[PDB]
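Only one chain comes next, encoded as structure tokens, the form deposited without the named molecule.
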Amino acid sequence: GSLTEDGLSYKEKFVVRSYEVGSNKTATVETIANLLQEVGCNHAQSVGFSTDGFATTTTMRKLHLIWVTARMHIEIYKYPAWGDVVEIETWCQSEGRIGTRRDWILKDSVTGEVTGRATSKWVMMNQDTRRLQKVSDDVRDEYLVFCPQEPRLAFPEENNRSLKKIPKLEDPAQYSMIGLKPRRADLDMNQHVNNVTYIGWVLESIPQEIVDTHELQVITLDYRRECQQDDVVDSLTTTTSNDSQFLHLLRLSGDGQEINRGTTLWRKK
């Protein structure tokens, strides 16, 4: 991959692998999500961020601050097939003191058409106490030089689905998958559960018949709390709606503490 001419965005091409695809021979939403995080990491490396484990500026490292994902929004129009080349362009934007945003645009390398788009909201947090905090001027000045100053949105639209408030699913759930546990392959280089694993867990409670007859077009996921390596998760889903919509909830198996809430929109194959 490489930074674009102005050094304000980053592009990378990927060839879809045999184990990265589902029954339709096209990349799963989890493969897409992994590719988005990889291109984000390569963008941080290309602009001087160290390979320490967490992308931090000088002030962030000094104050033990890290960026953490609070919400992820992905919309796919066409999933790349096994062997196809997908091109991903990514960039970051300061959201004042609230936090920061990373956006992505997915394209078919052969036709040049937009096949998907994504956006993620990051909030600043102390690594040790897990307490959120506003972005300081010292931190903002340090990373602002790597961002476009004028607004550049992947989801420009006025009443778009990336800014909708997600309600908490009420018991009883229509569908559920219980006893979900992370294995070592679900952990990242920092021994934390990878954000993409939560997407997989959310999708585990969607009945197989919906998966076999529909394509996932939109997924919105809020991250409230982390699943530790020794935690067990219950995945809950209720249909809210040729389109099917679902409301999702991940919670700890025992006490029922919420870890994630989300929504999915599927269209008929």
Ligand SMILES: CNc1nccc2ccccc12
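Residue numbers run from 1 along the displayed sequence. Shifts are known only where both forms have a C-alpha. C-alpha atoms forming the largest set that superposes within 1.5 Å between two forms make up the rigid core.
The protein also exists as the form deposited with the named molecule bound; that form is not presented, and the subsequent description refers to it.
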ask   = Hey, in the deposited bound form, is residue 193 touching the named molecule, heavy atoms inside 4.5 Å?
value = yes
inquiry  = Does any part of residue 188 reach within 4.5 Å of the named molecule in the deposited bound form? Heavy atoms only, please.
reply    = yes
key: Exercise: residue 130 in contact with the named molecule in the deposited bound form, heavy atom 4.5 Å   = yes
message = With the partner left out here, check for me: in the deposited bound form, does some heavy atom of residue 125 sit within 4.5 Å of the named molecule?
response = yes
query = Using a 4.5 Å cut-off on heavy atoms, what residues in 65-80 are near the named molecule in the deposited bound form?
reply = 66, 68
request  = Answer yes if the Cα of residue 207 shifts by 2 angstroms or more between the shown form and the other one on a rigid-core superposition, and no otherwise.
outcome  = no
query = For residue 228, is the C-alpha shift between the shown form and the other one 2 Å or more after core superposition?
reply = no
note = Per-residue Cα shift of 2 Å or more between the shown form and the other one after core superposition, grouped into runs of 3+, gives 50-54
